[PDB]
Structure formats: C-alpha cells, structure tokens
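Below: the structure, in structure tokens.
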Amino acid sequence: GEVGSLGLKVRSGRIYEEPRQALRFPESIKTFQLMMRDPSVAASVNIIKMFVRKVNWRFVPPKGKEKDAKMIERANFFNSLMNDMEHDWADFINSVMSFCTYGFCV
Amino acid sequence: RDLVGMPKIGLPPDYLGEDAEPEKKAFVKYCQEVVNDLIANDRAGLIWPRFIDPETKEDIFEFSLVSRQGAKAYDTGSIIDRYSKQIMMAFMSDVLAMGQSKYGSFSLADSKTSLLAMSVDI
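Just so you know, the sequences run in chain order A and B.
Quick note, the first sequence lines up with residues 17 to 122 if you use the entry's author numbering.
Quick note, the second sequence lines up with residues 245 to 366 if you use the entry's author numbering.
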C-alpha cells in the first residue's frame, strides 16, 4: 500500500511548485509569451518543434507475433483509423507541440 | 547631421544687416559665395582680414572649421550586424550570409539536409 504520498504542492488546486510568482500558471502564460517574443528563445524552441513534426508514424505489432494475421489486420485498422480522423495526425502533432511552450498539453 | 569640418565664418554684428554700409554688405555677399562654392580643388585657399583687437586680445574675424570634442557612444555598425544575424536565425536562413558549405545540402533525400531545406519540407 501507498503508506506515503507524492504531495507536490497542493496549495489551492493550482500547483505551487515554482517559488517564483511570475512563472506560475496565472502569469506563467504571459511570461512565456514575453520570452517567446525573444529571437533566440523563439528559434531554440522552434527547432525542437521542427524536429518533432518532421518524422511520421506508422503502427507496428510488438517484437513477437508480428506474423500473426490478427496483429497485422489490427495494425492496418489502427493506421486507417488514424487517417480517418477529421484532424490529420500531423495536425495533432502540431497541437501537441505547444508541449515546448508550457511543458504540458491536454 | 555630421557637421564636423563645416566652414564657419564669424563676423562682427555690424557687418550682418541691411543698414550696414555698402562695403560691409558687399563683404557679406562675398562670404555667402565663399560658403556656397568652396571646394578642395587645386586653387583652394583664403585671403582673410585679420585684426587682433587690443582689447580682449582676440581676433574679430575668423574662418574656422567646426570641430567636435567627443565620439559617438555606441558603435552602430556592430549593433546592426547582431540583429541581422538574429533575424536570419529566426527564419534559420544563415545560408544567405554564410553561403553554401561543403557539408550542407538542400536535398531532402540526402543524409545532410540543411536546416532551412527541412523547413520547406514541413
């Protein structure tokens, strides 16, 4: 059993980890826009997004059972349904790539 | 607005005016042409009147080149160069300044694709 707890900050629902007021979610958003304005920061967090959005994805059965017809047809169905989304996979990667600017993306 | 070296002519207030004697007014007119037409040709030179006033021990007429006693604080030349690289860095177009290298290429299928070349791929 979990005899302890990974209690991070739990101040008032908002995570109060960062001891600096500016870099907390109510104002961290602005702070991140302000720092995003800078050229060096913009290019440095743009190259990472670049590299992530460069590769493509294709579903693959596990190390073993890669010859099973069930796994192959499941992979085909997964890939087709990935292409069946109204927003393309690349668009999903684009939406995720807010990842760098904030550290999380729901 | 870098007026260093500009010719400055100092005349007594009597010379400058409309009621001044014709001789004085003729002198002012000549100084106007001298200002307007002086260059650094072969026959460049000057024959100016010189009278050191016994009082104040200073001359009344002088032809002098205006001089500055300082230097501009910031070097504008290196300042602009920094921003130009930063702009190219934002678009990752350093190939415009640096030029084509022998280890960079624009070919997508090549194993050494340039940063800018991959951007067009995206």
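Heads up, the beta-carbon is just placed ideally off N, CA and C, and yes, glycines get one too.
- Fully enclosed beta strand (DSSP E) runs of no fewer than 3 residues occupy 306-309 of the region 295-335 of chain B, in order along the chain.
- When A/32, A/67 and A/43 are compared, the shortest CA-CA separation from residue 116 of chain A is found for A/67.
- Beta-bridge analysis with DSSP links residue 251 of chain B to B/309.
- Close to chain A, meaning a Cβ-Cβ distance shorter than 8 Å, are the following residues of the region 317-342 of chain B: 330, 331, 333, 334 and 336.
- By the rule that beta-carbons nearer than 8 Å mark a contact, residue 363 of chain B touches chain A.
- Counting only residues of its own chain and dropping the five nearest sequence neighbours on each side, residue 91 of chain A has a CB closer than 6 Å to the CB of 75 and 77.
- Contact between residue 310 of chain B and residue 248 of chain B holds, since their C-beta atoms are separated by about 6 Å, short of 8 Å.
- Here residue 349 of chain B carries a strand assignment [DSSP, helix/strand/coil].
- Annotation: the continuous alpha helix (DSSP H) that includes residue 89 of chain A extends over 85-99.
- For residue 28 of chain A, the closest alpha carbon among the candidates A/119, A/40, A/118 and A/69 is that of A/40.
- Taking the CA atoms as reference points, residue 281 of chain B sits about 33 Å from residue 300 of chain B.
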